[PDB]
Ligand SMILES: [Mg+2]
Ligand SMILES: [Mg+2]
Ligand SMILES: [Mg+2]
């Protein structure tokens, strides 16, 4: 097996890494803006689900792959880790058991919850939480977390509603 | 007895809370476009037929109306050029702007307010209004974002 | 000139008697679901398009309306987000929730009341309201129960 | 002619004869994709093999000391019929609090006489300093009374003394799938 | 026999029968070549698409603050006929002085209300700490009034306050090629 004279090509921020979505399963995302966090402590917000898909019609949907990355000001105070688990009794307890976790010391500050939630009611999420810890204390809105999720298309974008009932 | 959208066309809707108003007078409000589509990218998308209707408290004043037209210099005059209008006196409290805007920059509308008149003065968040708008679905719709940022 | 249901879809209807109410105010009522389908079994069934209409004494107060939405925090505000509404002033005293709920746990609705407003205060059992709802027909429908209990 | 050897007007060209020169084989370029958290890989178990996992809460560890804990299984597989069951490759990893004091490691070997000595001999070792906080006991323990394991503790060391329940640790273990999973129970008892 | 299994005199040999053992697939060796400055890659534009580039000199930036600058195009493409032109994938990178105070980053998003907020949302981000001081807005802005862009500033942050013209920044942008490039002008005016 003769060696392969290869060459790692340089990757520049935001390059490649295209992430195809699955069939029928449409992906929709958004974000919750951080609330001030103390030093080393870890807050948690119930799922900031968007009203767009609050209808019991679509709220009673299912999911699959679910991303989670974050945007922090350039003036990022040290480092922070983030994740999500089942309405964790103990706050920090979440980090002791999530499949993924975005970190600020990682080239790619994001977490991929690969199938770990596959087949769960779109509503089933609100009884979930997002946990974020910080090295040194810090303000709110100081960071934004991006819940990037995929699931399915319902029966509405499809059309408008009742002209004359 | 239902309704349908178009080919490769999404119908993005949402509402905007009313700001209290005076009686007989008619206010206006530039469009509270949804961030998700505020990207010059899709902000420069094509629209289709679109409609506006309005949910309002039951306990509400005299029958009033509302429409939408180009950034109208005269708030009241916007109702003389309005293509369709959501009347309260009518059994249909909504207006259908079919082919009226069919084919326009999703960011066009911005330079175009919405007009509302009232018989009796009335409170804020006293009534909402929804905008079911046809527009071509964009790209990302079905695929994640590069983790590499 | 009639109407039709859907494939393998049943339309279960029934009414709920009104509890007297005050004028201008609007009450609410979680859903009086039919026992026959209160079984978590079918209680976790799929719904279709659904409508509400209302029979009421002839001799009744000022024209009033009514709708239905998620367990609304604000009784009155439920009418701003209502998908369709049964108005008395209209020639059609009913609301069509076509594809509005199409596809939802038959037990979902439970966590979702119904709203009614009135011009003049009014008696109890003073008016009923029927709910014609599309939902997939379940199983047992056509076969007895094991005598062996 | 060769590369973009398309110009205008005439222009001859000649080379030279020798014993070649360039390398024998030729190049291939690539692009290492940037992977995010959890994208990794949770290799599927094998034939008729189940992967039973579960965690055990930590014990207040001290300065540079290292504790141990006879690991015990859950009631299900705690059947004499299943106790004498066989195991496959198995791994341990650990979830812990974000705010961590120093870096630390952990492994597993036969009910060690010396607790620290474990780290001098275990096949793999879940290191915190490493990107992969886990150890793979592939074939390391393949084949063994699904009870054998009991007598055989797990070892954990810490640079900075630390609290209990300060961290858990999961054990994804390959073992032959039982039979309960399927069929119900004899109505006639 | 197998590897160098060529010796002298007799010497029998036997093995054993079981369920194999070694991994299923086999190995491949490689050699990452060391690349120098600029060897990288300047991917060519696409079909009927031009890549117009140019830079903008910096503004005296402060402590940890981050400025912004409505970016404007050059007179050529500044035609109403070309203004309503479409764009493709586009990137920004930056050339700066060698003697640099601290490390810093920069991006671009719709005329942000909050200047710092930009970094919480942009698709890519030219980071100094990174080996690649640039961001790729592939399809990120594909399709858009070659004027739209105007209303949409660019953001830059610095760890250590700093002078103006302290650094430039180029913007290689894909956009449909115009028609001027070719034909001359109507002699008859
Ligand atoms: Mg009339
Ligand atoms: Mg034995
Ligand atoms: Mg334009």
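Reconstructed Cβ throughout: ideal geometry from the backbone, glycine too, with neighbour counts over all protein chains shown. Read-outs throughout are calculated quantities, based only on the coordinates presented, and are distinct from any laboratory measurement.
So which residues in the stretch C:128-138 are part of a loop (DSSP other than H, G, I, E, B) and within 16 Å of the chain's Cα centre (by Cα), if there are any at all?
C:128, C:129
Can residue E:174 be described as more than 14 Å from chain A (Cβ to nearest Cβ), surrounded by 15 or more Cβ atoms within 10 Å (Cβ to Cβ) and in a strand (DSSP E or B)?
Here the answer is yes, as residue E:174 does meet what is asked.
For every residue, the table says whether it meets (1) surrounded by fewer than 20 Cβ atoms within 10 Å (Cβ to Cβ); (2) away from chain E (no Cβ under 11 Å); (3) outside any loop (DSSP other than H, G, I, E, B).
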| residue | (1), (2), (3) |
| --- | --- |
| A:10 | yes, no, no |
| A:13 | no, no, no |
| A:48 | yes, yes, no |
| A:63 | no, yes, no |
| A:70 | no, no, yes |
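Per-residue answers, yes or no, for (1) within 14 Å of chain E (Cβ to nearest Cβ); (2) farther than 25 Å from residue E:136 by Cβ; (3) touching a strand residue (DSSP E or B) at 6+ places or on another chain (Cβ under 8 Å):
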site: A:20; (1), (2), (3): yes, no, yes
site: A:33; (1), (2), (3): yes, yes, yes
site: A:37; (1), (2), (3): no, yes, yes
site: A:54; (1), (2), (3): no, yes, no
site: A:98; (1), (2), (3): no, yes, yes
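Taking the conditions exactly as written (part of a helix (DSSP H, G or I) and within 17 Å of the chain's Cα centre (by Cα)), does residue B:36 satisfy them or not?
Yes; evaluated as a whole, the condition is true for this residue.
Give me the pairs: first residue in the stretch D:148-160 and in a helix (DSSP H, G or I), second residue away from ligand 2 (no atom under 16 Å from the Cβ), beta-carbon distance under 8 Å, and six or more apart or on different chains, which are they?
D:149/D:71; D:150/D:70; D:150/D:71; D:150/D:72
For the stretch D:129-141, state whether one or more residues are surrounded by 17 or more Cβ atoms within 10 Å (Cβ to Cβ) and either within 14 Å of chain A (Cβ to nearest Cβ) or within 16 Å of ligand 3 (Cβ to nearest atom) (or both).
Scanning the stretch D:129-141, I find at least one residue that is surrounded by 17 or more Cβ atoms within 10 Å (Cβ to Cβ) and either within 14 Å of chain A (Cβ to nearest Cβ) or within 16 Å of ligand 3 (Cβ to nearest atom) (or both), so the answer is yes.
Restricting attention to the stretch D:108-124, does a residue exist that is touching a residue at least 40 places away in the same chain (Cβ under 8 Å), within 14 Å of chain A (Cβ to nearest Cβ) and surrounded by 14 or more Cβ atoms within 10 Å (Cβ to Cβ)?
Looking through the stretch D:108-124, none of the residues is touching a residue at least 40 places away in the same chain (Cβ under 8 Å), within 14 Å of chain A (Cβ to nearest Cβ) and surrounded by 14 or more Cβ atoms within 10 Å (Cβ to Cβ).
Of the numbered conditions (1) without any contact (Cβ under 8 Å) to a residue 60 or more places away in the chain; (2) within 14 Å of chain E (Cβ to nearest Cβ); (3) touching a strand residue (DSSP E or B) at 6+ places or on another chain (Cβ under 9 Å), residue A:117 fails exactly one; give the number of that condition.
(2)
Those residues that are in a loop (DSSP other than H, G, I, E, B) and more than 11 Å from chain A (Cβ to nearest Cβ), I need them from the stretch D:23-51; list them, please.
D:43, D:44, D:45, D:46, D:47, D:48
Okay, residues lined up against (1) more than 16 Å from residue B:26 (Cβ to Cβ); (2) in contact (Cβ under 8 Å) with a residue 40 or more places away in the chain; (3) away from ligand 1 (no atom under 16 Å from the Cβ); (4) in contact with a helix residue (DSSP H, G or I) (Cβ under 7 Å, 6 or more places away or on another chain):
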{"position": "B:62", "(1), (2), (3), (4)": "no, yes, no, no"}
{"position": "B:66", "(1), (2), (3), (4)": "no, yes, yes, no"}
{"position": "B:69", "(1), (2), (3), (4)": "no, yes, yes, yes"}
{"position": "B:82", "(1), (2), (3), (4)": "no, no, yes, no"}
{"position": "B:88", "(1), (2), (3), (4)": "no, no, no, no"}
{"position": "B:95", "(1), (2), (3), (4)": "no, yes, yes, no"}
{"position": "B:99", "(1), (2), (3), (4)": "yes, yes, yes, no"}
{"position": "B:102", "(1), (2), (3), (4)": "yes, yes, yes, no"}
{"position": "B:105", "(1), (2), (3), (4)": "yes, yes, yes, no"}
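Within the stretch C:130-138, is even one residue within 11 Å of chain B (Cβ to nearest Cβ) and either touching a helix residue (DSSP H, G or I) at 6+ places or on another chain (Cβ under 6 Å) or touching a residue at least 24 places away in the same chain (Cβ under 8 Å) (or both)?
No, every residue in the stretch C:130-138 fails to be within 11 Å of chain B (Cβ to nearest Cβ) and either touching a helix residue (DSSP H, G or I) at 6+ places or on another chain (Cβ under 6 Å) or touching a residue at least 24 places away in the same chain (Cβ under 8 Å) (or both).
Restricting to the stretch D:43-95, name every residue that is under 23 Å from residue A:93 (Cβ atoms) and free of Cβ contacts under 8 Å to residues at least 40 places away in the same chain.
The answer is D:74, and nothing else.
Name the residues in the stretch C:60-76 that are facing chain B (nearest Cβ under 7 Å) and in a loop (DSSP other than H, G, I, E, B), would you?
C:76
Of everything in the stretch C:4-30, what is in contact with a strand residue (DSSP E or B) (Cβ under 7 Å, 6 or more places away or on another chain) and assigned to a loop (DSSP other than H, G, I, E, B)? Give them in sequence order.
Those that are in contact with a strand residue (DSSP E or B) (Cβ under 7 Å, 6 or more places away or on another chain) and assigned to a loop (DSSP other than H, G, I, E, B): C:5, C:6, C:8, C:13, C:14, C:16, C:18, C:19, C:20.
Suppose we keep only residues that are touching a helix residue (DSSP H, G or I) at 6+ places or on another chain (Cβ under 6 Å) and more than 14 Å from chain A (Cβ to nearest Cβ) within the stretch D:147-171. Which one would you say is farthest from ligand 3 (Cβ to nearest atom)?
The extreme case among them is D:147.
Residues of the stretch B:103-127 being away from ligand 3 (no atom under 16 Å from the Cβ), closer than 20 Å to residue B:49 by Cβ and more than 14 Å from the chain's Cα centre (by Cα), which ones?
If the condition is that a residue be away from ligand 3 (no atom under 16 Å from the Cβ), closer than 20 Å to residue B:49 by Cβ and more than 14 Å from the chain's Cα centre (by Cα), then no residue fits.
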